[PDB]
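[1] I would like the atomic coordinates for the input below:
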Amino acid sequence: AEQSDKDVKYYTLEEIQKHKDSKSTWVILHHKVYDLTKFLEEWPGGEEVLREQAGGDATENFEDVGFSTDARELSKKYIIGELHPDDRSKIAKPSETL
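    Numbering: from 1, shown residues only. Shown next is the structure:
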């Protein structure tokens, strides 16, 4: 009920690496995870381009596959939680993501 996830949700990068669906789509800037599954429904309407690399990056990457310069603030408002400090560094060089 009132765990840490009630405030800020604890994600693994490993979870996001299993990206073969539109709802299984998130991006990480460093140590926080963003809800990219809502973000794909906004402008591009095609998960495939950003879902293939869900969990790769957010910092500059949300603008690559997502929107124009809009993609900066539009992803930041979709903050879903934090990515685990060990997982972001574990799969820091992701094979089936980039």
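[2] for residue 35, what are its contacts?
    Residue 35 is in contact with 26, 78, 79, 80, counting by Cβ atoms under 8 Å, 6 or more residues apart in numbering. The way it works is simple: take the backbone N, C-alpha and C, and place the C-beta from them, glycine included.
[3] Could you tell me which of those count as buried?
    In those, burial by neighbour count holds for 26, 78, 80, counting by 16 or more other Cβ atoms under 10 Å.
[4] The protein: strands as residue ranges?
    Per DSSP state E, the chain has strands spanning 9-11, 26-28, 32-35, 79-83. These are given in chain order.
[5] just these: most buried one?
    Scoring the strands of the chain by mean neighbour count under mean count of other Cβ atoms under 10 Å gives strand 26-28 as the most buried, with a mean of 25.
[6] For that one, name the packing helices and strands.
    helix 13-17, strand 32-35, helix 36-42 (3 or more Cβ pairs under 8 Å, 6 or more residues apart in numbering; DSSP states H and E).
[7] would you turn these into a markdown table with distance to residue 62?
    Converted to a markdown table, these look like this (distance: least, Cβ to Cβ, whole Å):
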| stretch | distance to residue 62 |
| --- | --- |
| helix 13-17 | 14 |
| strand 32-35 | 7 |
| helix 36-42 | 7 |
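[8] most packed of these?
    Mean neighbours per residue, mean count of other Cβ under 10 Å, is largest over the helices and strands packed on strand 26-28 for strand 32-35, with a mean of 22.
[9] Sheet partners, orientation included, of that one?
    Partner strands for strand 32-35, per DSSP bridges, with pairing direction: strand 26-28 (antiparallel), strand 79-83 (antiparallel).
[10] Go through those and name the closest to residue 54.
    Comparing the strands paired with strand 32-35 by their distance to residue 54 (Cβ to Cβ), the top pick is strand 26-28, with 5.7 Å.
[11] residues making contact with the closest one?
    Under the criterion Cβ under 8 Å, 6+ apart, external residues in contact with strand 26-28 comprise 11, 13, 16, 33-37, 50, 54-58, 61-62, 75, 80, 83, 88.
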